[PDB]
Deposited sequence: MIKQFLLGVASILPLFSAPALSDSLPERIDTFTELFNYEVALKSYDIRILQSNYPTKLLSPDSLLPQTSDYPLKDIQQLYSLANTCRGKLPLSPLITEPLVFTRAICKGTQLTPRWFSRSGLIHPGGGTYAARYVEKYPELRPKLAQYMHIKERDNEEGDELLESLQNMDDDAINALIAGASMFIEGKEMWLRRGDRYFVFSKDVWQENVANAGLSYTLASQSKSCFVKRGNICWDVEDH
């Protein structure tokens, strides 16, 4: 038929009423903001901060003995609270950028100093900083590779999370079992390769590099 047309046919073989799970995209967005799912949040934040100011903030946090920069005003109060032992409310976390200029969240660093506030501030931590002390959606999110999580952030058509496949259909994502989606791959006339394990990924849908079968 066509490689891209076979992927359109692939999505039509699914029964979106007998899906193992289903998630409203707007609900998922309010429970998990992008900054708390994104792999870039765990990195030093050189895209939003100048490398020189990141150095000065880290030096102030290491010693506890306020640099002049236009962006470091919010990170500076976090450093003050950490050094002096003062409090920051959940209101503060909800209105912050959530991400510390050195990577990771403000809520995880704060909970490292006050471990008893973990339940109150868990929703402000990155999914990779949470231990899941309460969750099925959090567990699926945590087991997504960087390409699958970034494809969920972007609203991509589909992606493989472990053994299950998530497929978008409007404002929801439907999750299907390994047996159901693998048979549809053969029923459509397709082969797949994970983006992380492929040399070339020219027909990419999320975390999936599609090809024809033989």
Report task. Go through the deposited sequence from residue 1 and tell me which stretches lack C-alpha coordinates, in order. Result -> 1-22, 88-89, 159, 240
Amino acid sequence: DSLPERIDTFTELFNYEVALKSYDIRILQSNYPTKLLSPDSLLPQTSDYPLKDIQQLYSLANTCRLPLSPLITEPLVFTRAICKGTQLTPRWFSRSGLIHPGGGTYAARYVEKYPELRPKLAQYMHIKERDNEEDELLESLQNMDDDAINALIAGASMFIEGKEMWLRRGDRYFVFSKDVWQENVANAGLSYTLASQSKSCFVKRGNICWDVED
From here on, numbers count along this sequence of modelled residues.
Query - 174-182 versus 146-154 - greater average Cα B-factor per the deposited record - result: 174-182
Requested in this report: Between 68-76 and 104-112, name whichever shows the higher mean Cα B factor according to the PDB entry.
Outcome: 68-76
Requested in this report: Sorting the chain's modelled residues by C-alpha B-factor, tell me whether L167 ends up in the lowest, middle or highest third.
Outcome: middle
**Report entry** Chain-relative CA temperature factor third for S38
**Finding:** lowest
Query raised in the report: Which third of the chain does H126 land in by C-alpha B-factor: lowest, middle or highest?
Result: lowest
Requested in this report: Taking the chain's C-alpha temperature factors as the reference, tell me which third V203 falls into: lowest, middle or highest.
Outcome: lowest
Query - Third of the chain's Cα B-factor distribution that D211 belongs to, per the entry - result: middle
